[PDB]
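Undergrad: give the three-dimensional model of this entry:
(9 chains, ligands or ions: 3)
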Amino acid sequence: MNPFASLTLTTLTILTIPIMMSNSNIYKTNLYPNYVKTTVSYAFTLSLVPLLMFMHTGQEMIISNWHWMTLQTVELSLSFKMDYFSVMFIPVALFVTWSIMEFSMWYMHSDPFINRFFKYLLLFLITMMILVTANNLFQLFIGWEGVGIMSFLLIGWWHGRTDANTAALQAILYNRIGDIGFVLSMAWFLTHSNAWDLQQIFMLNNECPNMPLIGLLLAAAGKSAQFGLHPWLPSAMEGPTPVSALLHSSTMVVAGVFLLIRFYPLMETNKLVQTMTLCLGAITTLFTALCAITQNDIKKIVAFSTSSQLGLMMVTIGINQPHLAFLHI
Amino acid sequence: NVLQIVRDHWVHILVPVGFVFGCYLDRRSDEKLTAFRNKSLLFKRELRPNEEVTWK
Amino acid sequence: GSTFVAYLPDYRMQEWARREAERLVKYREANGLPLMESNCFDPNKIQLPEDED
Amino acid sequence: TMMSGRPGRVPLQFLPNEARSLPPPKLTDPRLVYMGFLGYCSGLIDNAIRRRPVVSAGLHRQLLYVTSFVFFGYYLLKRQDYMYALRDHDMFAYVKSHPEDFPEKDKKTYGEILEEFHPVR
Amino acid sequence: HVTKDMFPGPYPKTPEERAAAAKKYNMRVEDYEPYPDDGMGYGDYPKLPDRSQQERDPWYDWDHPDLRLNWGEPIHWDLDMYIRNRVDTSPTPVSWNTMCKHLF
Amino acid sequence: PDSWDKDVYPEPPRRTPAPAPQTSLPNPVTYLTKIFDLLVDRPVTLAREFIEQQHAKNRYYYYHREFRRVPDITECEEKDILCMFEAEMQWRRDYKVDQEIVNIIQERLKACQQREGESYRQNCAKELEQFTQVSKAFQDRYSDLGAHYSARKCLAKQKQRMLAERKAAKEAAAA
Amino acid sequence: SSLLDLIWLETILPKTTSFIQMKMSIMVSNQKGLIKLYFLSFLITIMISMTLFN
Amino acid sequence: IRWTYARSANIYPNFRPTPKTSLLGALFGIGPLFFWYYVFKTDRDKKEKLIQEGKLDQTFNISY
Amino acid sequence: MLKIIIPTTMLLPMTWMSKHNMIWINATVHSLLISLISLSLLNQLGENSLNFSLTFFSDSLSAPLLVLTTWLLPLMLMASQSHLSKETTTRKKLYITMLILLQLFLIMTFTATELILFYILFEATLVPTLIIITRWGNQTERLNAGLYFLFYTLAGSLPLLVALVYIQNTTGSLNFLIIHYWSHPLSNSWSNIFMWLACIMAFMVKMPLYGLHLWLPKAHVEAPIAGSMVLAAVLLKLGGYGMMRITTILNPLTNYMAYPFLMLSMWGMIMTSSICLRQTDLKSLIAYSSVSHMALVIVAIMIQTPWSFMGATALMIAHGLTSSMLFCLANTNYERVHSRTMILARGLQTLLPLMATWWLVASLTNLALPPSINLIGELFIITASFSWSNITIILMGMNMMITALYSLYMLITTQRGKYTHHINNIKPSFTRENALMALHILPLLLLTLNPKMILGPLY
Ligand SMILES: CCCCCCCCCCCCCCCCC[C@@H](O)O[C@H](CO[C@H](O)CCCCCCCCCCCCCCC)COP(=O)(O)OCC[N+](C)(C)C
Ligand SMILES: CCCCCCCCCCCCCCCCC[C@@H](O)O[C@H](CO[C@H](O)CCCCCCCCCCCCCCC)COP(=O)(O)OCC[N+](C)(C)C
Ligand SMILES: CCCCCCCC/C=C\CCCCCCCC(=O)O[C@H](COC(=O)CCCCCCC/C=C/CCCCCCCC)COP(=O)(O)OCCN
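TA: Numbers count the residues shown, from 1 in each chain, chains lettered A, B, ... in the order given. Ligands and ions are numbered 1, 2, ... in the order given. For reference, the structure is listed below:
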């Protein structure tokens, strides 16, 4: 009954099957990329249905199936949130990943390790799915670190190239700088609101203080390549073109903006953090556009364009219009 | 070959024999700490018609 | 060993505590009692030292 | 403790007569087993030093080592148990004979005892 | 299979010990300059230029192409600083002071 | 389902609207729901009925352990180790039960927040009040005890709190 | 790495102890074997114990 | 081999205590410790003073 | 508990009377069986403990460490199986005897319901370790490392004997149950201050605390693979385990007596993480990483909050497994390379791919990647420290960043890049090494499913 939960879980489940089959026989043939592409397309077509049901009715739901552990008065359970944001962002990401994998089936035909490349792409997609549909801060952190590790692994695809290793380490460094603020926010929320779940966080903080929002903004700036920690996004273009097209262009780099979107009931209650995030977005978008105005490498120009767009959606967050930022995403 | 593999594989029983010996020792050592059996203020229970001791 | 550890009997009394809490909350909500009591031990049994200062 | 000058002590007696009033240690006492193990270790070390097959050079010698160690361990355990029994007997007798120095404590209940509470923050 | 004399030693004061140390490190005597005899324990280890390892001749046929090294030369005291994966001192089109001024 | 009690986990009557098709265009949602039901729910239902009828052929029960009440640490001698042990065990069990009570209240609060949607700030005042009361009681009871907590430390904290509140009340009355 | 871990932390606890015990061992064990000095020290300690511990 | 030996095992035998080395050691090994001790002592003193005054709003601070 | 101690003792006659070409098989099989049997201790209850007898008791803190200790020995045998090929039968049997004695002493140490027995076995676990370090070591500096490891531990632990005997004379008993139940506050006096210092320093020297860690790099570098693994996996947890047990008597002195050690650890974790960045050696780098993690555990223990204790226990178990795996990988590289230098062999991922993915997984686990128990312990400790003071987050985050940096530096330098040209003895990896690292890593990814088994008694 109510197929919303069943289908919304089933898309994320079917996205995992080729990872399980990676040790089977099909992994050793040339049929694997087509298998992964077909799996992604089927997952997208299946996830298209909850979007229709939400559009018809306005369907929202959270599922807490597996109860991981209880620490005194705190419970950690594998809980997924299937609100408008997740149920709308899943099909877009799946569609883009399907197109990118079909393109990669032609771009990377000469790579001996193409099956491993497709497996890494699927792992990144699974981790981004985890991050998007997360409901408690710990699952969000799981996805947050998984996407960073996948970006590290895919940036340095060519191990012989020294610049690839340098860029991967640089991206990891900046993402850890963001994770500092993420961990600060997580600790503050647990120690003050006594829960990592978004529901209790939203109830218990009518006037959220400066520190947790500061930490969240720092993490969003770290992962969304804002002005303070921008260069990792332009320098992450040492990876293969499909990786840059999928990870560091449209899906992985919007994780910080998505995090700021998710905590919008708390951002409204504070006026200083809104000012700071608006200023950060404005300065970073102008700086990256000005840098792109004179670049000579095409991938560099598109990377700086991505950075400018991320700055624009951060500005959108600054003026208290999170839904418009989601639309722009 | 019987009585020949024993001269080479008699050592494999040492650990299992010691494990059984240790279980017996644990039971014997437990038998000396029955000074409060069925006398605790919380688990005090009336014996069944066919039980002699609450636990061994 | 992993299967044995997974199916270890609940000696930590996690379900027992949940059932006891359910019964306590139901009883205290039915009769209007104020759920948790701020005093762990009843004041009557406790004897205080009179200062008279 | 210094029970050397204890009255009514035979100068050179290993086990006084009153020591026969105590239960003798069982032949399966763990300490006796440890004496046997020490004797076996001594036998193995003797075999090793003389450059002989360590485990199976002299069975009679190892048996004699174990038996002598067990004998001395048994008698030593008897003497030790007697001495500890004497110590406890003297302690209880002296406590009984001097009630002034060992007054009965006024029993108290935690309900009427004020202990300082140091919070952890 | 290395003799005790091949290992580094104390800071040499006499010119004879300086020449022996310079010969040990496979470098010219007047091209060898040890660290100043301060408290720190550099000893008689040559003070190679603070030149990085990214700006070495990239077209030369090195024995270790990735590290841009040849078998047997004296190794910079701070090689793990300059491995092309870390800080490098390549000259820039714009001067350092002007770069700092503009960015600030 | 009867697996969980309704009084301890309250749920509103969940009133829902009726379909009022304004147009003649067939909505894909109804067709998708029908096909999903026909080709998903029926096999799952049949498998579950088979499993349940297999369970019914072999039925056995498990019981909930009941613990007697034992004297607290308040009626415990200074050095009576056995009564101290019994009271300490009882206090630990009560601590676990109170933790589960707080967990119950938190679960109800989170459910109220997600159910009410965009009016959660108004419709869930009662759950927030209950959580505030229970949280204040729990904090007054077991907070700041330390890692090596014990019944004696909780009793000492209660004694100190009662001393402070008695002094405050006496000062207010004599003011 | 060098100044704190490899120089000063080594100088404080282990190296200072090693140097002190080495110097004291050199001082104590360096006796010429002459009984004249031995018996003079014996007389000195006899006088010290007679006039100090009473 | 010479580089590794000079970096690892040839530092102490060539070390001499001088004004520069002693001052650097004292500063870089003592100053941070006392700085952090002062900072954390001040923070905890302020927090405990606020708790004693009762004006901290420690509600919902159940887990610690 | 004798069902654990007796088979471990019986392991010695089996090893000594086995055939000259079958000692390793018997030792491995029966150590694995002993670990399987010892797995039963994990069923602890929310009440006091599993009081087996008057001498041995098991808690929910002693159970995970006991399981890890019993599980380590087969891995030690598999790691030591390689470099002892050219050894005589008697010396191999002596090596296995030393390993079995170490396991038995650790097993008796971890339960040890009386504190004097705990101290006796805690100091007894030193002799086999010193013999292993100073006898079966390759480098000529093994003697100095053995002397440092002996004296740094013994000088710290000697005052603990006097303190424990004094506590027995005043309190009247050193049984841990009686000590816990009859605990009384310690007045702020000089005598109590020095008793606190005596009771604390003996364990703080072993973890170790920053400033007393000079013995750890030497002991870990100069020891053989088995010695390095047992040092980094279990022997470091002795101090942490001891501190949790002995902390109860001290209150409320610790509330202000923990400041110097808190500062030392919260700065030494940063210092050692930074040191890891500039290293010319692999085993030394892993040793300094172990020092940083143990400093974090020291902070957790000194904070004395429930979340601190759970995070501490999780971090001890996770770090033990991770560092044992890292030392295994370093030894596997060193055997082929015969040099033990990070930059000497490069680009091994082209030649050994399965070794490369083992390296990647080990580095990720060391990097504290969610949802591995490493990050569980890390995050619990960070939250507890934040509750202690809001400024600790700066130090903790800096430590996290530097840890990630040096872990990925270790991975990149030895795996990525162009291979070294003048090395042509990189034989394909055996089945033994792959099985060893698989058995190292799988328990971590299995424990991340059931964290409650390794979260300590305050769960
Ligand atoms: C190669 C490519 C992949 C191929 C493989 C495909 C298959 C995919 C599966 C891989 C992971 C998928 C995740 C699925 C998890 C389902 C199982 C899980 O739910 O069970 C866990 C249980 O697992 C165990 O708890 C974890 C294992 C225990 C760890 C011990 C390690 C083994 C000993 C070895 C030595 C130990 C060294 C360290 C000592 C501390 C959680 O238990 P719990 O949710 O509560 O409820 C269990 C049922 N109850 C209600 C009756 C109690
Ligand atoms: C090197 C690697 C690390 C090793 C371990 C280092 C940790 C050990 C350091 C010991 C911690 C502090 C020791 C004493 C702390 C008590 C607080 C005291 O120091 O402050 C004042 C004490 O005043 C002075 O400090 C008196 C002591 C001065 C002499 C001590 C030596 C100080 C410097 C030497 C440090 C050397 C440490 C390493 C030795 C090798 C407070 O004055 P007061 O309120 O009235 O007294 C409070 C105590 N009462 C309540 C019992 C009365
Ligand atoms: C890596 C090497 C580390 C070396 C660590 C060594 C330092 C350990 C701390 C000092 C240990 C000695 C303390 C003695 C054991 C405690 C026993 C006790 O508590 O008895 C006290 C007695 O306390 C003492 O006697 C202490 C005297 C100290 C003598 C030894 C000094 C050791 C060095 C002192 C400075 C070290 C402090 C910092 C060490 C940092 C590490 C270097 C009670 O006295 P009462 O007679 O009962 O009085 C009651 C009536 N009013």
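
Undergrad: does the longest helix seen in chain I come close to chain H?
TA: Looking across chain I with DSSP state H, the single longest helix is helix I:306-337. Yes - using CB under 8 Å from any CB of the partner chain, helix I:306-337 reaches chain H at I:306-307. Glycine gets a C-beta too; all of them are placed from N, C-alpha and C.

Undergrad: near chain E at all, that helix?
TA: No - judged by CB under 8 Å from any CB, helix I:306-337 makes no contact with chain E; its nearest approach is 15.1 Å.

Undergrad: how many neighbouring residues does residue F:170 have?
TA: If you count neighbours by other CB atoms under 10 Å in any protein chain shown, residue F:170 ends up with 11.

Undergrad: quick check on it: phi, psi?
TA: Phi and psi for residue F:170, reported as degrees, to the nearest 10, are phi -60, psi -40.

Undergrad: in chain D, which helix is the longest?
TA: Longest helix in chain D, counting by DSSP H: helix D:59-97.

Undergrad: which strands and helices sit next to that helix?
TA: The contact analysis (3 or more CB pairs under 8 Å, 6 or more residues apart in numbering or on different chains; DSSP states H and E) places helix D:59-97 against helix D:30-49.

Undergrad: could I get the contacting residues of the residue in chain C positioned nearest to chain H?
TA: Nearest to chain H in chain C, going by CB to the nearest CB, is residue C:36, at a distance of 11.4 Å. Shown in contact with residue C:36 (CB atoms under 8 Å, 6 or more residues apart in numbering or on different chains): F:98, F:101-102, F:133-134, F:137-138, F:141.

Undergrad: all helices of chain F, in order?
TA: According to DSSP H, chain F carries its helices in the segments F:28-36, F:42-56, F:81-116, F:120-123, F:125-142, F:151-174.

Undergrad: name the helices or strands packed onto the third one?
TA: With contacts taken as 3+ CB pairs under 8 Å, 6+ apart, helix F:81-116 sits against strand A:74-81, helix A:198-204, helix C:14-30, helix F:120-123, helix F:125-142, helix F:151-174, helix I:176-181.

Undergrad: and the angle for the longest one with helix F:125-142?
TA: Using axes from the mean of the first three to the mean of the last three CA atoms, to 10 degrees, the inter-axis angle of helix F:151-174 relative to helix F:125-142 is 110 degrees.

Undergrad: tell me the secondary structure at residue E:57.
TA: Following DSSP: H, G, I helix; E, B strand; the rest coil, residue E:57 is assigned to coil.

Undergrad: could you find the closest non-adjacent residue to it?
TA: Excluding its sequence neighbours, the residue lying closest to residue E:57 (CB to CB, 6 or more residues apart in numbering or on different chains) is residue E:68, at 7.8 Å.

Undergrad: so that neighbour makes contact with residue E:53?
TA: Yes - using CB atoms under 8 Å, residue E:68 is in contact with residue E:53, at 5.5 Å.

Undergrad: which residues do the two both contact?
TA: Common contacts of residue E:68 and residue E:53 (CB under 8 Å, 6+ apart): residue E:84.

Undergrad: for chain I, what's its nearest residue on chain G.
TA: Closest point on chain G to chain I, by CB to the nearest CB, is residue G:1, at 4.8 Å.

Undergrad: burial count for that residue?
TA: Residue G:1 is flanked by 18 other residues according to other CB under 10 Å.

Undergrad: show me what contacts it?
TA: I:275, I:278-279.

Undergrad: what's the answer for residue F:169, then?
TA: With CB under 8 Å, 6+ apart as the criterion, no residue contacts residue F:169.

Undergrad: residues making contact with the strand or helix carrying residue A:13?
TA: For residue A:13, the element it lies in under DSSP states H and E is helix A:3-14. With CB under 8 Å, 6+ apart as the test, helix A:3-14 has contacts from A:39, A:42-43, A:46-47, A:49-50, A:53-54, A:59, A:61, A:63, A:80, A:82, A:86-87, A:90, A:94, A:126, A:129-130, A:133, F:32-33, F:36, F:40.

Undergrad: any of those buried? List them.
TA: If you count burial by 16 or more other CB atoms under 10 Å in any protein chain shown, the buried members of the contacts of helix A:3-14 come out as A:39, A:42-43, A:46-47, A:49-50, A:53-54, A:59, A:61, A:63, A:80, A:82, A:86-87, A:90, A:94, A:126, A:129-130, A:133, F:32-33.

Undergrad: roughly how far does the residue in chain G positioned nearest to chain B sit from residue I:228?
TA: Closest contact between chain G and chain B, by CB to the nearest CB, is at residue G:14 (43.0 Å). To residue I:228, residue G:14 is 21 Å away according to CB to CB, to the nearest Å.

Undergrad: tell me which parts of chain A are close to ligand 1?
TA: Neighbours of ligand 1 within chain A, by CB under 6 Å from any ligand atom: A:20, A:22-23.

Undergrad: 5 Å - rerun?
TA: A:20, A:23 (CB under 5 Å from any ligand atom).

Undergrad: mind checking the longest helix of chain A?
TA: Longest helix in chain A, counting residues (DSSP H): helix A:162-193.

Undergrad: how about it: buried residues?
TA: Judged by neighbour count using 16+ other CB under 10 Å, the buried positions of helix A:162-193 are A:162, A:164-193.

Undergrad: repeat that for stretch A:116-126.
TA: Neighbour-count burial for stretch A:116-126, counted by 16+ other CB under 10 Å, picks out A:117-126.

Undergrad: equivalent analysis for stretch I:180-197, please.
TA: Judged by neighbour count (16+ other CB under 10 Å), stretch I:180-197 contains these buried residues: I:181-183, I:185-186, I:195-196.

Undergrad: before we move on, what about stretch I:259-272?
TA: Buried residues in stretch I:259-272 (16+ other CB under 10 Å): I:261-272.

Undergrad: kindly reformat the residues you listed as JSON lines and extend each row with distance to residue I:304.
TA: Shown next, in JSON lines, are the buried residues of stretch I:259-272 (distance: CB to CB, whole Å):
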{"residue": "I:261", "distance to residue I:304": "12"}
{"residue": "I:262", "distance to residue I:304": "11"}
{"residue": "I:263", "distance to residue I:304": "16"}
{"residue": "I:264", "distance to residue I:304": "17"}
{"residue": "I:265", "distance to residue I:304": "14"}
{"residue": "I:266", "distance to residue I:304": "15"}
{"residue": "I:267", "distance to residue I:304": "20"}
{"residue": "I:268", "distance to residue I:304": "20"}
{"residue": "I:269", "distance to residue I:304": "18"}
{"residue": "I:270", "distance to residue I:304": "22"}
{"residue": "I:271", "distance to residue I:304": "24"}
{"residue": "I:272", "distance to residue I:304": "23"}
